[PDB]
Amino acid sequence: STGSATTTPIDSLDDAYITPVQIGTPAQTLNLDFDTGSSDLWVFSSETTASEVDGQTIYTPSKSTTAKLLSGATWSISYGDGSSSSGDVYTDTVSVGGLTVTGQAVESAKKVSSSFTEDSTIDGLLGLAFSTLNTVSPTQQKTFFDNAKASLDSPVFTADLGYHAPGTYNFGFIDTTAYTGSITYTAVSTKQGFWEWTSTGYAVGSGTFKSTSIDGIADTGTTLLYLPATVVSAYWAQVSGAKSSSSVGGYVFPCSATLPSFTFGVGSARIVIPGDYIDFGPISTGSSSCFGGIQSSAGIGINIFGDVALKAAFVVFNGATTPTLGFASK
Ligand SMILES: C[C@@H](NCCCF)c1cccc(-n2ccnc2)c1
Ligand SMILES: C[C@H](NCCCF)c1cccc(-n2ccnc2)c1
């Protein structure tokens, strides 16, 4: 089997991407944030505290003839940005782009933090990291990808995120028309439950490539590119007037600037992030201070190849017995 779904930026900055997901019988379509940095499929629901729902589409398990309470199971998750949600668990039929899994754990939110409420465009998350990170207790549950894997033509999914445009998530096949050149594959460690890999270095603009190992994660659910402070300082030193602002919480730069590109290594290959991808616009409405798309990971404890990096590439999440990542230009 295969599936193919379009993923669409939630706003003009590509702060996140939503992908329609069918849940239940008859289908209830929710727009989920596909997140290769977590392993829970959780949704706004008929059980979510009413004051915490503000425009989201909800899953109502009582209207699904295939929904079953997973008795005793609860979930609770905290994200790197301080946001959180928790609740109980149903199994139900879940379809993405034509690919159907029966008996998928659908985690129904009873509570969500203010940030989730305030984002009307995101009806929940669909985790695509390793199932070892799934938060369901007392019986850990499998991701949608892990449940689909055995049925897929090839045990893979691909992320093809757009810059200020729709893109695609494919399951079970590699669309050879969606990238240029060849796919370079690189080793993955699953020890922390992430798609964790080692970049071979970087360049800033037309500068010379610096060979240096940068361990980090391929994370579609993180907006920005978080790298070591040395690398980030080297980038922003090429932008007149850029500075790290403690008050704003990262590197800012004059909105009048034209940003240099950023290149990262994948083995002997190179992925070039155009400068415009690194512009996240005014810090506050009408400001001439703009927020940078490359930020320090020093305060996180991991480097994160988020959307800024991944949307410059066609990315293969290879879930073969030994997982690997693939990157191609596009
Ligand atoms: C509440 C929500 N806001 C996202 C706003 C733009 F998208 C949030 C805050 C912190 C982290 C995350 N997150 C989700 C998966 N990985 C990380 C989401
Ligand atoms: C939503 C966005 N960048 C992507 C989300 C961070 F992963 C942005 C645009 C303008 C300003 C900020 N900002 C201000 C203080 N800290 C952050 C963030």
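Start at 1 and count along the chain as shown; that gives each residue its number.
Method of determination (from the header): X-ray crystallography, 1.2 Å.
From the backbone N, Cα and C atoms, a Cβ is placed for every residue, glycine too.
As annotated by Swiss-Prot, domain 'Peptidase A1' applies to 17-328. Look at Swiss-Prot and you will find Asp35, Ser199 tagged as active site. Summarising the annotation, Swiss-Prot assigns disulfide bond to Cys255-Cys290.
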For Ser199 (active site), the number of other Cβ atoms found within 10 Å of its own Cβ = 22
Disulfide-bonded residues listed as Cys255, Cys290, least Cβ neighbours within 10 Å = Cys255
Close to ligand 1, in the sense of Cβ under 6 Å, among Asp35, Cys255, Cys290 as recorded positions, are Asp35
For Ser199 (active site) and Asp35 (active site), the CA-to-CA distance in whole Å is 20
Tell me whether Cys255 (disulfide bond) sits in a helix, a strand or coil according to DSSP.
-> coil
Measure from the CA atom of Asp35 (active site) to the CA atom of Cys255 (disulfide bond) and give the result in Å, rounded to a whole number.
-> 30
Taking the Cβ of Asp35 (active site) as the centre, count every other Cβ atom within 10 Å, in any protein chain shown.
-> 22
Alpha-carbon distance [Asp35 (active site); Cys290 (disulfide bond)] in Å = 26
Under DSSP, is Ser199 (active site) helix, strand or coil?
-> strand
